[PDB]
Structures are given as structure tokens and as C-alpha cells.
Protein chains: 2
Amino acid sequence: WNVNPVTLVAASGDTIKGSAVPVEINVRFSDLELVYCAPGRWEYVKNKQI
Amino acid sequence: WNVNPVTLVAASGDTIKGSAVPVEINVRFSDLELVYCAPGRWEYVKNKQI
């Protein structure tokens, strides 16, 4: 990540956050903690890495 | 930790960070989180005691 990054795709339905469009991560190091959150949501730890 | 300090060690092999010389964790609490990272690197969260 950076270089060729993530492409994060939630499929329709319950959003990860906001408008559900696929999120991308430039952040060089990164680690992704995401849970399905009862209001039909996928939590994402904001800006983080090692 | 604090008090009697830690010693993290990188000896030859791959560098933890930078020069691989042993990095010493002073701080009272600490959380040691490192990976073996394909650029031969062991990255640990700075600060992030418990």
C-alpha cells in the first residue's frame, strides 16, 4: 500500500462507512480491523499502521 | 519497564529498524508489536504502552 494500494469493496447493502463506495488506502504500512457493527455497519480503524 | 530497561535485539539477519542495534524500551508500561516485514524490517509501534 501506497504504490498499488488496497481496493476495499463492500458489496452494496450495509455500508462500511458513509456512501459505501470502495475505499482505498495509500497508507504505506497499514492494518485493517473491521467488524460488522449491529447498525448494519463495518467499523474501520481510522488511520493506522505499524 | 522503565526502571530496569528492556533490550530488543537485532543481531545480523535483518534490521528491526534502521541500524538493527538493540533498541531499548524504557517506558514503564509498553506494548511490543513488531512484524517481520518483507523489506527485512521489524516495525514496532512507537509509544503505545498498554
# chains A, B, ... in the order shown; residues from 1 in each chain; ligands from 1
call {"tool": "calpha_fit_rmsd", "arguments": {"fixed": "chain A", "moving": "chain B"}}
result
0.9 Å
call {"tool": "closest_atom_pairs", "arguments": {"of": "chain B", "to": "chain A", "cutoff": "12 Å", "atoms": "only C-alpha atoms", "output": "JSON lines"}}
result
{"residue": "B:17", "atom": "CA", "partner": "A:50", "partner_atom": "CA", "distance": 11.9}
{"residue": "B:32", "atom": "CA", "partner": "A:50", "partner_atom": "CA", "distance": 10.8}
{"residue": "B:33", "atom": "CA", "partner": "A:50", "partner_atom": "CA", "distance": 7.9}
{"residue": "B:34", "atom": "CA", "partner": "A:50", "partner_atom": "CA", "distance": 7.5}
{"residue": "B:35", "atom": "CA", "partner": "A:50", "partner_atom": "CA", "distance": 8.4}
{"residue": "B:36", "atom": "CA", "partner": "A:50", "partner_atom": "CA", "distance": 11.3}
{"residue": "B:37", "atom": "CA", "partner": "A:29", "partner_atom": "CA", "distance": 9.8}
{"residue": "B:38", "atom": "CA", "partner": "A:29", "partner_atom": "CA", "distance": 11.4}
{"residue": "B:39", "atom": "CA", "partner": "A:29", "partner_atom": "CA", "distance": 11.5}
{"residue": "B:41", "atom": "CA", "partner": "A:50", "partner_atom": "CA", "distance": 11.3}
{"residue": "B:42", "atom": "CA", "partner": "A:50", "partner_atom": "CA", "distance": 9.5}
{"residue": "B:43", "atom": "CA", "partner": "A:50", "partner_atom": "CA", "distance": 6.2}
{"residue": "B:44", "atom": "CA", "partner": "A:50", "partner_atom": "CA", "distance": 6.1}
{"residue": "B:45", "atom": "CA", "partner": "A:50", "partner_atom": "CA", "distance": 5.4}
{"residue": "B:46", "atom": "CA", "partner": "A:50", "partner_atom": "CA", "distance": 8.5}
{"residue": "B:47", "atom": "CA", "partner": "A:50", "partner_atom": "CA", "distance": 11.3}
{"residue": "B:48", "atom": "CA", "partner": "A:50", "partner_atom": "CA", "distance": 10.6}
call {"tool": "write_last_selection", "arguments": {"atoms": "C-alpha atoms", "output": "mmCIF file, in the first residue's frame"}}
result
data_model
loop_
_atom_site.group_PDB
_atom_site.id
_atom_site.type_symbol
_atom_site.label_atom_id
_atom_site.label_comp_id
_atom_site.auth_asym_id
_atom_site.auth_seq_id
_atom_site.Cartn_x
_atom_site.Cartn_y
_atom_site.Cartn_z
ATOM 1 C CA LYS B 17 14.541 -0.514 12.344
ATOM 2 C CA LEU B 32 5.756 -4.575 21.883
ATOM 3 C CA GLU B 33 4.180 -5.166 18.484
ATOM 4 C CA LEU B 34 6.565 -5.892 15.632
ATOM 5 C CA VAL B 35 6.395 -7.821 12.399
ATOM 6 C CA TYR B 36 8.946 -9.408 10.181
ATOM 7 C CA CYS B 37 8.360 -7.056 7.242
ATOM 8 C CA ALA B 38 9.326 -8.062 3.707
ATOM 9 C CA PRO B 39 11.754 -5.165 3.457
ATOM 10 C CA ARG B 41 12.274 -4.887 8.813
ATOM 11 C CA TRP B 42 10.779 -5.241 12.264
ATOM 12 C CA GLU B 43 8.440 -2.331 12.836
ATOM 13 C CA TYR B 44 7.152 -1.639 16.312
ATOM 14 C CA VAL B 45 4.548 0.888 17.340
ATOM 15 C CA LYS B 46 6.366 3.764 18.942
ATOM 16 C CA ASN B 47 4.970 4.661 22.328
ATOM 17 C CA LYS B 48 1.806 2.522 22.599
#
